[PDB]
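Engineer: first piece of the complex, coordinates kept as in the full assembly:
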Amino acid sequence: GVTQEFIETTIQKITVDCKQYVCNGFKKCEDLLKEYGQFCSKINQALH
């Protein structure tokens, strides 16, 4: 008898351009987002 088993070893690695994802390259949006702290850098570091 053959028992088949799948054990995953990877997931798809995703890096997100936080600035472009949130603001789409708009200066007003970037100025408004800067009030939220260092969100994009922390997101980049976490994903990396």
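Structural biologist: Ah, there it is. Residues are numbered from 1 along each chain as shown, chains lettered A, B, ... in the order given.
Engineer: which strands and helices sit next to the host helix or strand of residue A:30?
Structural biologist: Here residue A:30 sits within helix A:27-33, counting by DSSP states H and E. Judged by 3 or more C-beta pairs under 8 Å, 6 or more residues apart in numbering; DSSP states H and E, helix A:27-33 is in contact with helix A:18-23. The way it works is simple: take the backbone N, C-alpha and C, and place the C-beta from them, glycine included.
Engineer: tell me which other helices or strands the longest helix anywhere in chain A touches.
Structural biologist: Across chain A, the helix with the greatest residue count (assigned by DSSP state H) is helix A:39-47. Judged by 3+ C-beta pairs under 8 Å, 6+ apart, helix A:39-47 is in contact with helix A:18-23.
Engineer: mind adding chain B? sequence follows:
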Amino acid sequence: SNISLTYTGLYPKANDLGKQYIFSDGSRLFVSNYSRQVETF
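Structural biologist: With chain B added, the chains above now look like this:
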């Protein structure tokens, strides 16, 4: 203090040579074309 922040503002470009202005000393004075050169603020 002891923190790196991203700032958006009025800053010079990196490795910018800029414009150099040289002044001399004199009777009749010696000057360049600076007074007739109008730059853009």
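Engineer: once more on what packs on helix A:27-33, this time with chain B?
Structural biologist: Applying 3 or more C-beta pairs under 8 Å, 6 or more residues apart in numbering or on different chains; DSSP states H and E, we find helix A:27-33 packed against helix A:18-23.
Engineer: list the contacts of the most centrally placed residue in chain A.
Structural biologist: Residue closest to the average C-alpha location in chain A (C-alpha atoms, centre = their mean): residue A:16, at 3.8 Å. Counting by C-beta atoms under 8 Å, 6 or more residues apart in numbering or on different chains, residue A:16 touches A:43, A:44, A:47.
Engineer: how about it, secondary structure?
Structural biologist: Here residue A:16 is recorded as coil under DSSP: H, G, I helix; E, B strand; the rest coil.
Engineer: from residue A:3, how far out is it?
Structural biologist: 39 Å (C-beta to C-beta, to the nearest Å).
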